[PDB]
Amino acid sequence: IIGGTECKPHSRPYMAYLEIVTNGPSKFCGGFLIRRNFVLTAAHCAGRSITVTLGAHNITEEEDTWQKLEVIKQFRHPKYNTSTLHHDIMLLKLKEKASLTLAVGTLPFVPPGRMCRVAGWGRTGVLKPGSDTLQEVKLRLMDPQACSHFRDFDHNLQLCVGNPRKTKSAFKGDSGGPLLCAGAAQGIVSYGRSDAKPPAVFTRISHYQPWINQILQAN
């Protein structure tokens, strides 16, 4: 998260920190708990295996709120496209149902000009390392023409997010985190420019609701 502030610890109890294993070292993403055994995230966060940590704030400092949970199966959207980046969404089924605590719970599951918030442990600058702590930033929902320069951007599939006159943005490591507008998840962090100049492109959750529901029922 670039240009954001540190969250009050545990104030976003649905947030998930993902460590993804592959021919290379671990990579990291965000995500969010939508059922006690399901986490929503981005398709580009798929790997050979994934571990989810719930209840975290400072991810380097173990505490009783932590629940480190095995993922049994990844459900990457079958149409996720590495060329166009369309359909960047994935469900992770946890081995067991998470415990509900003050620090861990599910997330109950908009015109441009509206302000939305996104949280994550990703880089706090283009050349800065990932954050030890959960950060959040408020971003402006933009008209789709604001994202025209992303040539494969599609208004039906995606949200255009972030005033270009502000430096505020999600970035590397924030992939998969929710964008909330009035407390409801509307987007998922997907991609943007390598120099972090806003706006960026988020998956429009509403388009994928039938696919999500279908997975939640077959599994």
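Quick note: we count residues from 1 along the sequence shown, nothing fancier.
- In this entry, residue 109 is separated from residue 110 by 4 to 9 residues of the deposited sequence that have no coordinates.
- In the deposited sequence, the stretch from residue 209 to residue 210 has no residues without coordinates, so the chain runs on without a break.
- Relative to one another, 187-195 and 165-173 have unequal mean CA B-factors, and 165-173 is the one with the higher figure.
- Across the two stretches, 120-128 and 86-94, the PDB entry reports the greater mean Cα temperature factor for 120-128.
- When the C-alpha B factors of 56, 39, 43, 180 are read from the deposited coordinates, the top value falls at 180.
- Based on the entry's C-alpha B-factors, the most elevated value among 51, 67, 26, 156 belongs to 156.
- Among the modelled residues of the chain, residue 139 sits in the lowest third by CA temperature factor in this PDB entry.
- Residue 133: CA B factor in the middle third of modelled residues in this chain (values from the PDB entry).
- Residue 22: CA B factor lies in the highest third for its chain, per the PDB record.
- The PDB entry assigns residue 74 a C-alpha temperature factor belonging to the lowest third of its chain's modelled residues.
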